[PDB]
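Quick heads-up: the structure tokens below are two forms of one chain, split into structure 1 and structure 2.
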Structure 1
């Protein structure tokens, strides 16, 4: 049931067009749930996305819980209270901003991945579809050892039909429909966030 997760990204944006951290984490746990269902190799990958969702939970359940209500609320609080390492890795290695930025880039990879599938020919290899989207979103931000490790996991990916079928919305061409109809929900929460981070020059936090 991937259709459920891709639309739980509607509740991320409220009326004021702010990204809320609580639906964000909730939808993300839903995406994590979906990755683990691709092999124990992928389960190994998502181990980090989870560790970061915890960092975000641990802040929303703390003294400054109100400040982590939204991303803008977060960026405002942390940037002004000098709680963010802007230059290089140092005193604030688990700040909300640097943490979310990582989730953000990863969310960019998944959206590009699924969108890659949707528009894919029937003969397309999933390993290749994922790699291309990986190279477009994360490759630039990952160490050598990570990149190669990731490259290996890609080869344990199901085939296009099996992967699409695994979305529990029916046959391949039927999920390809759901994709086009549920993808924009995550595509917007991304772009909003990309704006917010680009604004405050937070696009390369260490």
Structure 2
């Protein structure tokens, strides 16, 4: 009985009382997003492979000798920076740092949030190719080479309609799915904002 509503609302668990982003809950929530993306097939399932790999990087960090330093994004940043465990110019001495890894998860979260919000506010039976491509352009297209940008863009050229994506959320007919997103999306948005502010704060938005 998997449904997207539980996944989205689970993002509330990612922020504690002190507005810190907890990594374990964040990982769990992402696994739920990946399962939804996988259900879609084609381009979505393929791109989700990166997320899976990066989640496992974070799970290894969280299960290692410095585990508690990765309890929250806040703690991770303080640990890796103060101990110089993050490649600042190019990927070399710590190419899979928690900092640069979570950044890629965070960028992917941006794309997914825009896609979902785009679905929420689109007209019935809307084509979804434009929405997918624009959400991509506004999120992580800027980090891809031209030939990759072009390929992704065309990858969405023939996509199911808005209705299919909503019904895939398994929370009722389209209209109910739309209401659900209105209610649940705020939770992801909040986690994204704190994360974004954290990275902006330490000048980490362009880690290699």
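The term rigid core refers to the maximal set of C-alpha atoms that superpose within 1.5 Å between the two forms. Positions refer to the first chain, counted from 1.
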* To do: Would you indicate which listed residue, out of 70, 64, 46, 151, moves its Cα by 2 Å or more between the two structures relative to the superposed core?
  => 151
* If you line up the core, how far does the Cα of residue 167 move between the two structures, in Å? -> 0.8
* To do: Once both forms sit on the same core, give the Cα displacement of residue 123 between the two structures in angstrom.
  => 3.6
* How much does the C-alpha of residue 142 shift between the two structures, in angstrom, given a rigid core superposition? -> 1.6
